[PDB]
């Protein structure tokens, strides 16, 4: 068919300070895609602190792609390379995440679709050290109403659950449910998307978030992105838990 290629880098920053540099490569031919990515996560001013890296191979097979029913499958591997700093009883960890994840875009009407993805994960080595449950389910699924070429509405249900399949393990058990809404504006070469997540019910061992993605394509294979988001848990009279996300990214296609 045609080979398509993307390369890119992202820089994400999350404070209340974490620095998250990353780079990726993908190539596709017909229903086949291959994805290398390297992500790292650590405090700003590395006052050094503990950090990790996250190399990733993913493979996607497009089983069906048309207007009434598209359906798809992602298989993924990564390692988490934890580097502990001034934590007692920890030096390093190396935990791997295995992924299988179908993704589907089904047509309800001429301007209403049901789409989503569903990730089942297995998490491998150094679980006690790393604090993770050996199993995880994650999904964002919902409805896209298209107004027109310029305006659309995505409402989705979103679910993360961590559970050990071991009887003799309860480290890192947790559930998150949220409603997520986005209104993606496609203004020619601009892309403007405001969005919220409303926590329904979160527990681990409710919350809300507003944000704004912005995306320019320059018609030569280059594009860039800005994203900002504000999150809050809301607590004892006024003074609540408050977090900022920021993100810049670039991509090149060929």
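Numbering follows the first chain given and starts at 1.
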Among the other entries of this protein that model both neighbours of residue 235, is it absent from at least a third? yes
Counting residues of the deposited sequence that sit between residue 46 and residue 47 but have no coordinates, the total is 1 to 3
According to the PDB entry, how many deposited residues between residue 16 and residue 17 are absent from the model (none, 1 to 3, 4 to 9, 10 or more)? 4 to 9
Between 67 to 75 and 126 to 134, which has the higher average C-alpha B-factor in the PDB entry? 67 to 75
Do the C-alpha atoms of 22 to 30 or of 58 to 66 have the higher average B factor in the entry? 58 to 66
Third of chain Cα B-factors occupied by residue 194: lowest
Is the Cα B-factor recorded for residue 109 in the lowest, middle or highest third of its chain? middle
Which third of the chain holds residue 12 when residues are ordered by C-alpha B factor: lowest, middle or highest? lowest
Going by the entry, which third of its chain does the Cα temperature factor of residue 159 land in? middle
Residue 120 CA temperature factor, ranked by third within the chain: middle
